[PDB]
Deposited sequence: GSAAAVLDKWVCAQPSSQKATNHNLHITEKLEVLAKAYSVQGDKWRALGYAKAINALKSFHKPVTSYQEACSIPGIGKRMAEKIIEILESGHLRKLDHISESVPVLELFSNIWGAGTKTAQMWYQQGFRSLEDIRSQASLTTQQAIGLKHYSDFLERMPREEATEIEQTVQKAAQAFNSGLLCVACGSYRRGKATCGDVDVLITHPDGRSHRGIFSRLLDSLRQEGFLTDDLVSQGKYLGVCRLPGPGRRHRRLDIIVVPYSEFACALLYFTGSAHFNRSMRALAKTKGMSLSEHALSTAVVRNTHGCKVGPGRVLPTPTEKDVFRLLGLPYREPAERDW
């Protein structure tokens, strides 16, 4: 009950504290872009706890009883109830909107955004004309609007099928699965996360590099962000009315398929919760394996096996959307 990975994410669909969480999310984002990662994490978990709670919180004692809600978070909750506003919202640093603008460049995080801000930059025009940009950041800036748009899941299907058909031309036995938000059933997707493997345990070897050359040669790939080991990049379906879309690809041996599928399906906060739980049980969970701590690799032929070994009820991908 203290573990989100032990609960269905559909509990959030009936948020009875939206007036609270809408204001806390503003603070959470402010701490995040300013680099206060751990304070922001605490806010993120408190927001999920509030979103999934069964009733509107009405008392300081009720709030404190909720896991992920402590004294400080309770005090903020009582303020929004009594007064309808949260004073701290009127005292967020004026740098935050600009820091958010900059850190939405792919490849630029809090450290780069703060440095640019200290150098006097305030707009993407300033970044374009005056900032020093890595190769990655230049692609991010070129695709600034593209990378902030989410595509309809129907388009993600088309992208998945494009990768799959190019892969299976090399070996008809290859398996390709779109993971991430697509597999969790969301109506829109920030990118497409394609997992590739081969049931024979070995014929996945070598195809990653040939697959990319195939997709480049047919013009499907339009920019590469990372292209050693795994692929993070940019694609565009052919024809009119098409946008550049983010595409990630990972190729894994079949022996790791369940753990890779689990990792790549997420959500990110679901994974972090499941991994933290594994740690408390003397185990370690990664996209490669569930193992004992420093270790023995535990047998996980299917996703269900990972849940069972952690003592968790199985959750379909749609219920992992934390």
Can you list the gaps, numbered from 1 on the deposited sequence, where no C-alpha is modelled? 1 to 7, 302 to 312
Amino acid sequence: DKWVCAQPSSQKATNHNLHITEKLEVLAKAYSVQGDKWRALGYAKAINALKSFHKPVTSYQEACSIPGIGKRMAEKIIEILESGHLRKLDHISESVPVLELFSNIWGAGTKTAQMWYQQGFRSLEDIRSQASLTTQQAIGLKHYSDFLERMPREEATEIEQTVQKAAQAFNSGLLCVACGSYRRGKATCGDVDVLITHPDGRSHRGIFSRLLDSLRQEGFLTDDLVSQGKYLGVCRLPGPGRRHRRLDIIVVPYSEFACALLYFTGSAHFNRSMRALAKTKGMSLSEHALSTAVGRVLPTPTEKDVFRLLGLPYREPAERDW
From here on, numbers count along this sequence of modelled residues.
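If you superpose the two forms and keep the largest set of C-alpha atoms that fall within 1.5 Å, you have the rigid core.
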In terms of RMS C-alpha distance in 5 other deposited structures of this protein following rigid core superposition, 54 to 62 and 29 to 37 differ, and the farther one is 54 to 62
Quick check: by Cα RMS after rigid core superposition, does 176 to 184 or 238 to 246 differ more from this form in 5 other deposited structures of this protein? 238 to 246
Out of 102 to 110 and 220 to 228, which stretch has the higher average CA B-factor listed in the record? 220 to 228
Take the C-alpha B-factors listed in the entry for 71 to 79 and for 240 to 248, compute each mean, and give the stretch with the larger one. 71 to 79
Name the one of 85, 183, 150, 142 with the greatest CA B-factor according to the PDB entry. 85
Largest Cα B-factor, entry values, listed residues 44, 57, 278, 262: 57
For residue 53, does the deposited CA B-factor place it in the lowest, middle or highest third of the chain? highest
Looking at the C-alpha B-factor of residue 267, is it in the lowest, middle or highest third of its chain? lowest
C-alpha B factor of residue 66, ranked within the chain: lowest, middle or highest third? highest
Chain-relative C-alpha B factor for residue 190 (record values, thirds): the lowest
Grab the CA temperature factor for residue 126 from the record and place it in the lowest, middle or highest third of its chain. middle
